[PDB]
Structures are given as C-alpha cells and as structure tokens.
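Take a look at the structure below.
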Amino acid sequence: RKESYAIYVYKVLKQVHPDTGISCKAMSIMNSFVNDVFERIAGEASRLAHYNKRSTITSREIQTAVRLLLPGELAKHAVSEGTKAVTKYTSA
DNA sequence: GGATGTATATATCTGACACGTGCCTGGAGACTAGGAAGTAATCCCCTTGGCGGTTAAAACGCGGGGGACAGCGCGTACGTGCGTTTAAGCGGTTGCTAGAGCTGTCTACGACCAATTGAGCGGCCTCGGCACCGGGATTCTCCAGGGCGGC
C-alpha cells in the first residue's frame with residue numbers, strides 16, 4: 001500500500017519495449033517524473049480556471065496547460081493523444 | 001518735476017475635508033460534524049563511542065615544460081560630428097465589431113451517497129535456464145623384448 005505508478009509505467013514499457021526490464025531506481029525516477037508532470041499540468045489548469053472565473057477544470061483547461069507547458073512537437077502530439085482518448089472515451 | 005522698485009490688499013485657482021448614499025460584504029450568533037490532538041503497541045532506523053583489517057585514495061615532494069600574462073606594433077573598425085531625410089508623434093475621420101458589464105432562463109453536468117465488485121498488493125507453486133554429478137568415447141606417456149657391439 002504505497003500508491004505508486006510502477007505497474008502502469010511497466011505496462012507502457014512492455015508496449016514500447018517488450019523485452020527490456022527496468023531497475024528500481026529508474027522506476028522511482030519515472031514515478032517522480034509522472035508526479036511532477038501531473039502537478040505541473042494540474043497547477044497550470046487550476047490557474048487557467050481561476051483566471052477565467054471558472055469553478056471547474058475541463059479537458060479544455062488540461063489542453064491549454066499541455067500547450068503551455070510542453071514544447072514543440074511534444075505539445076501537439078500530446079494534444080492529439082489526449083483528444084483521441086477523449087473521443088474514444090465519449091463514444092463508448 | 002517724471003517714472004521706477006517695492007509693500008500690502010483682494011480676487012481666483014486648486015488640493016483636501018466632510019457630508020450623503022448605496023450595497024454588499026464582513027461580522028455576530030447558533031448548530032453541527034469531523035479534523036486533529038492525544039494514547040497505547042510494535043517494529044525498524046538512527047545516535048555515540050568504540051575495535052579490527054584492507055586497501056585504495058590522499059598527501060607530499062620534485063622536476064619540467066606548458067600556459068598565463070605582459071609588452072609592443074598595427075591596422076581596422078567604431079566613435080564623433082555634421083547635414084539631410086524620414087518617419088514617429090499628435091490630432092483627426094468614419095464606420096463596424098469585439099468585449100466588458102448586467103440581467104435573465106434553463107439545462108446538462110458534476111457533486112454526493114449507497115451497494116458492489118474487480119483491479120491492485122502480497123505470498124505460494126511451478127517452469128526456463130543455469131549449474132552439479134555420474135557414465136561413455138578418444139588420445140597421450142610409458143615399460144619391456146629383440147638385435148647389435150665390445151673384451
């Protein structure tokens with residue numbers, strides 16, 4: 001009961017590299033990275049909601065936080081990823 | 001004798017004080033639930049002062065040469081100044097649209113709560129692969145017999 005991100009990072013690793021392992025320190029670094037990106041995007045979306053006098057955080061605020069924080073092709077590819085995930089989640 | 005410098009008085013300009021009003025946001029009073037303080041138990045990590053042994057890192061000394069720094073020359077590129085151009089800055093036209101603010105209505109979306117159950121965490125059993133032990137096949141070193149030579 002430690003509430004980590006290790007199993008999902010492991011499944012993503014088996015998606016991109018099915019025959020590659022990962023050490024415990026590298027897994028801790030990946031968990032810290034996911035937590036850092038989560039709190040950056042959530043803080044930017046919270047600030048965006050407060051700037052526009054909105055009481056809710058929607059996918060638009062998350063999208064704007066992604067386009068604000070992520071640079072270059074990372075931003076547009078993450079927008080395409082999140083957009084098609086939201087489209088798949090809505091239709092079904 | 002005429003006009004100029006200077007002092008006191010009066011009207012006007014301007015920042016500041018108080019009065020008035022709305023309104024809406026903070027304060028007063030009451031109630032309630034849960035966040036956090038406190039308590040006890042268990043277990044593992046950290047503290048302080050020691051010992052022993054390995055060993056690789058740290059320290060010290062010394063020679064030498066590479067590099068930092070100073071000086072000098074030179075030539076070029078930037079500062080300085082002036083005359084000319086040009087465009088910024090201001091004021092102005094003329095319509096339309098974007099956007100803030102306010103009011104109003106409504107609806108879909110998210111909070112909330114109860115029941116459920118299935119994905120996450122731990123252990124247990126098994127397989128894939130690596131490794132330990134016993135047995136069979138192949139090649140290397142050696143001891144002895146036969147033949148020849150000498151007195």
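Identifiers in this document derive from the order of the structure tokens: chains are assigned A, B, ..., residues are numbered from 1 separately in each chain, and ligands are numbered from 1 in order of occurrence.
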
Residues of region 23-70 of chain A that approach region 7-16 of chain A to 9 Å or less, counting only C-alpha atoms: could you list each one with the shortest pair of atoms and its distance in Å to one decimal, rows by chain and increasing residue number, as a Markdown table?
```
| residue | atom | partner | partner_atom | distance |
| --- | --- | --- | --- | --- |
| A:27 | CA | A:9 | CA | 7.8 |
| A:30 | CA | A:9 | CA | 7.5 |
| A:31 | CA | A:9 | CA | 7.9 |
```

Exercise for the section: Compute the chain A side of the contact with chain B at 12 Å, counting only C-alpha atoms (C1' of nucleotides), and hand it back as a PyMOL selection string. Expected result: chain A and resi 1-8+55-58

Writer output for current selection, N, CA, C and O atoms, as a PDB file, in the first residue's frame:
```
ATOM      1  N   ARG A   1       0.831  -1.196   0.000  1.00  0.00           N
ATOM      2  CA  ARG A   1       0.000   0.000   0.000  1.00  0.00           C
ATOM      3  C   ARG A   1       0.870   1.253   0.000  1.00  0.00           C
ATOM      4  O   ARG A   1       0.948   1.960   1.000  1.00  0.00           O
ATOM      5  N   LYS A   2       1.527   1.518  -1.131  1.00  0.00           N
ATOM      6  CA  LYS A   2       2.405   2.671  -1.263  1.00  0.00           C
ATOM      7  C   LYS A   2       1.908   3.712  -2.253  1.00  0.00           C
ATOM      8  O   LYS A   2       2.423   4.836  -2.235  1.00  0.00           O
ATOM      9  N   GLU A   3       0.934   3.358  -3.100  1.00  0.00           N
ATOM     10  CA  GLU A   3       0.246   4.251  -4.041  1.00  0.00           C
ATOM     11  C   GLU A   3       1.250   4.872  -5.024  1.00  0.00           C
ATOM     12  O   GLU A   3       1.566   6.066  -5.001  1.00  0.00           O
ATOM     13  N   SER A   4       1.816   3.995  -5.843  1.00  0.00           N
ATOM     14  CA  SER A   4       2.825   4.362  -6.825  1.00  0.00           C
ATOM     15  C   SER A   4       2.256   4.253  -8.235  1.00  0.00           C
ATOM     16  O   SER A   4       1.086   3.924  -8.440  1.00  0.00           O
ATOM     17  N   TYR A   5       3.111   4.535  -9.218  1.00  0.00           N
ATOM     18  CA  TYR A   5       2.759   4.472 -10.632  1.00  0.00           C
ATOM     19  C   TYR A   5       3.508   3.364 -11.364  1.00  0.00           C
ATOM     20  O   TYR A   5       3.596   3.397 -12.592  1.00  0.00           O
ATOM     21  N   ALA A   6       4.038   2.382 -10.631  1.00  0.00           N
ATOM     22  CA  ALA A   6       5.043   1.477 -11.185  1.00  0.00           C
ATOM     23  C   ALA A   6       4.456   0.496 -12.192  1.00  0.00           C
ATOM     24  O   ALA A   6       5.097   0.190 -13.204  1.00  0.00           O
ATOM     25  N   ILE A   7       3.250  -0.018 -11.933  1.00  0.00           N
ATOM     26  CA  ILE A   7       2.688  -1.053 -12.798  1.00  0.00           C
ATOM     27  C   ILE A   7       2.268  -0.473 -14.146  1.00  0.00           C
ATOM     28  O   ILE A   7       2.407  -1.127 -15.186  1.00  0.00           O
ATOM     29  N   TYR A   8       1.764   0.761 -14.155  1.00  0.00           N
ATOM     30  CA  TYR A   8       1.341   1.377 -15.407  1.00  0.00           C
ATOM     31  C   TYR A   8       2.540   1.770 -16.259  1.00  0.00           C
ATOM     32  O   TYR A   8       2.512   1.625 -17.488  1.00  0.00           O
ATOM     33  N   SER A  55     -15.290  27.649 -12.075  1.00  0.00           N
ATOM     34  CA  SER A  55     -15.224  26.786 -10.906  1.00  0.00           C
ATOM     35  C   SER A  55     -14.856  25.351 -11.242  1.00  0.00           C
ATOM     36  O   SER A  55     -14.738  24.530 -10.329  1.00  0.00           O
ATOM     37  N   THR A  56     -14.666  25.025 -12.517  1.00  0.00           N
ATOM     38  CA  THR A  56     -14.433  23.651 -12.934  1.00  0.00           C
ATOM     39  C   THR A  56     -13.175  23.558 -13.784  1.00  0.00           C
ATOM     40  O   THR A  56     -12.736  24.537 -14.391  1.00  0.00           O
ATOM     41  N   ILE A  57     -12.581  22.370 -13.788  1.00  0.00           N
ATOM     42  CA  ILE A  57     -11.468  22.036 -14.666  1.00  0.00           C
ATOM     43  C   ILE A  57     -11.983  21.023 -15.675  1.00  0.00           C
ATOM     44  O   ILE A  57     -12.446  19.940 -15.300  1.00  0.00           O
ATOM     45  N   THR A  58     -11.928  21.386 -16.946  1.00  0.00           N
ATOM     46  CA  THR A  58     -12.407  20.555 -18.033  1.00  0.00           C
ATOM     47  C   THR A  58     -11.220  20.076 -18.860  1.00  0.00           C
ATOM     48  O   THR A  58     -10.059  20.301 -18.505  1.00  0.00           O
TER      49      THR A  58
END
```

Problem - Atomic separation - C1' of residue 100 (chain B) relative to CA of residue 67 (chain A), Å - result: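 Between these atoms lies a distance of 27.0 Å.
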